[PDB]
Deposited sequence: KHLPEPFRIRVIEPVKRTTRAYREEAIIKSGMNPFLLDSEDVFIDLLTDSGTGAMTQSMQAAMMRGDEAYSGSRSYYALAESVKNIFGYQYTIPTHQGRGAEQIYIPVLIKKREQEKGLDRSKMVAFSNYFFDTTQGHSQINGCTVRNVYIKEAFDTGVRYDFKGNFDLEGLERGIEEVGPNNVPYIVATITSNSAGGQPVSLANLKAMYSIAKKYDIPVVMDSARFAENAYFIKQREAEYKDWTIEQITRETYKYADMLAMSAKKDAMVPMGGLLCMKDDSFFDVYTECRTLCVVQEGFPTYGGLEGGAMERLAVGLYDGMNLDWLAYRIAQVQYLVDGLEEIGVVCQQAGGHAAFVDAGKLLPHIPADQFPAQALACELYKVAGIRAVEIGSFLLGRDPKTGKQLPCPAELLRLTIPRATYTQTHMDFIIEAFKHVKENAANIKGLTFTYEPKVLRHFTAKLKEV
């Protein structure tokens, strides 16, 4: 069931309809690399949902009400007031991924000074760390562990909350590491395991009980806080009749602070937040806000424009609209269901993305000729869809030895910008895969014509084998 839009479209961005011959020429000119295509030559852009979504009329109108004062801005205050009412959190820092680069060293040093945390021993835990969160932890000299559940990565076992903490694993790892050495726990909602999977409130409570017992800070990683609430409302029976706003207020009792990119569920193309619940984390607020100024070794300035704080102050509420959330999730489920139905297999698919197995769909192409890059190119040729390879092409070469890194699965990622495309586009995408699947034997592998040393996936150019 694709639901009907709980909205009227009011503003559209025209996208031209190209011919097959035009797209054939285009994909050659961009070196068989959709990252190098002009946006205007892409009909359905599934590259990312981060900051590419539509917004409501009230959100767009808020951009015209900015107070651009360096300090004391009413736009900053409106944004802090939205955080206070929605999450119950007293302290807000607007960010231009909610300054993981700030809270991480702040929480490491806090435990260092207070409990004799030992940097050579330290380990941070998550139900599943986002890549960048894991990145800033490691840069700071912190090992991470994902304590996810047995069922997380198991497709063909259906489970309501596959993003849950492994509560026993978490307790065991804190004990094994030593709780003085565990500078924070990140609870990621919805979790980035397995395509995007929700986290139950019962689970967060149990997790937060464990963290409070050991006095370990819990940071909610909250880019998808509203979809997580919607899943709790839909699947966790205790919360069936609660509103999204009620589930969210209750949810946030089970963390000490939050970090979020606002570019997903909060429906804006710019911004993030780093927020602290109450005075017990005042000194962590102070220290973060201070490091925000001097993160570089000395003062730097700037910050979100006033109209963008105003827009986010509305977007935190509009992103919780129940009809909207029901519609958004149903559309993502509709695409995955329609792909399954035509025999396209995903290695994982969830709220965040569907990962199509291009290896299996295109079995005649060796992994080193990038069957998921071939399939991205072919989807572009056939339907003007742009999607990102997550396989050997992205994985790239060993920087010590210059050989191609080995890669377990050659996947093509489909993400869906919010409130941007319709059921007819979803049917268009399914139809395109049906065409590809049927023409699969004829699709060629790729080989480099131009290859950068690092980050090759963004600007390499390839030709057909």
Inset, instruction - Extract from the deposited sequence all ranges with no corresponding C-alpha coordinates, numbering residues from 1. - result: 97-98
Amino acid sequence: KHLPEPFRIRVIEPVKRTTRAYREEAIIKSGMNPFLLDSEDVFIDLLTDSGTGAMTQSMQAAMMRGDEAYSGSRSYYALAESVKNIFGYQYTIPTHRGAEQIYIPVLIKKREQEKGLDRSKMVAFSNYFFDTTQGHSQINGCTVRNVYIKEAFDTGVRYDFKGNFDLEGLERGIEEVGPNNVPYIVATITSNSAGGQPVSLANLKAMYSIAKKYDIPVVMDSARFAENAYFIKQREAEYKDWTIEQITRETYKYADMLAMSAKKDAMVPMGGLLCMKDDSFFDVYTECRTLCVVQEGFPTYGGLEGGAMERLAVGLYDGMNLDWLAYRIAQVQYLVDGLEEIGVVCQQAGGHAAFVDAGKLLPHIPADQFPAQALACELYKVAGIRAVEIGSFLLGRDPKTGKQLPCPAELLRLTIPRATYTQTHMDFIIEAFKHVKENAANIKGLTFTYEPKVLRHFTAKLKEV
From here on, numbers count along this sequence of modelled residues.
Legend entry - Segment of higher mean CA temperature factor, 307-315 or 108-116: 108-116
Legend entry - Average Cα temperature factor in the PDB entry - higher stretch of 69-77, 390-398: 390-398
Inset, instruction - Pick out which of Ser50, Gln423, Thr420, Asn439 has the highest C-alpha B-factor in the PDB entry. - result: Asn439
Legend entry - Residue, from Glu238, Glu250, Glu175, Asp265, that the PDB entry assigns the highest Cα B-factor: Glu175
Inset, instruction - Using the B-factors in the PDB entry, rank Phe153's C-alpha atom against the chain and give the third, lowest, middle or highest. - result: highest
Inset, instruction - Taking the chain's C-alpha temperature factors as the reference, tell me which third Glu451 falls into: lowest, middle or highest. - result: highest
Inset, instruction - Would you check the entry's CA temperature factor for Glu168 and let me know if it's in the chain's lowest, middle or highest third? - result: highest
Legend entry - Assigned third (lowest, middle, highest) for the C-alpha B factor of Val344: highest
Inset, instruction - Rank-wise, by C-alpha B-factor, drop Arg224 into the lowest, middle or highest third of its chain. - result: lowest
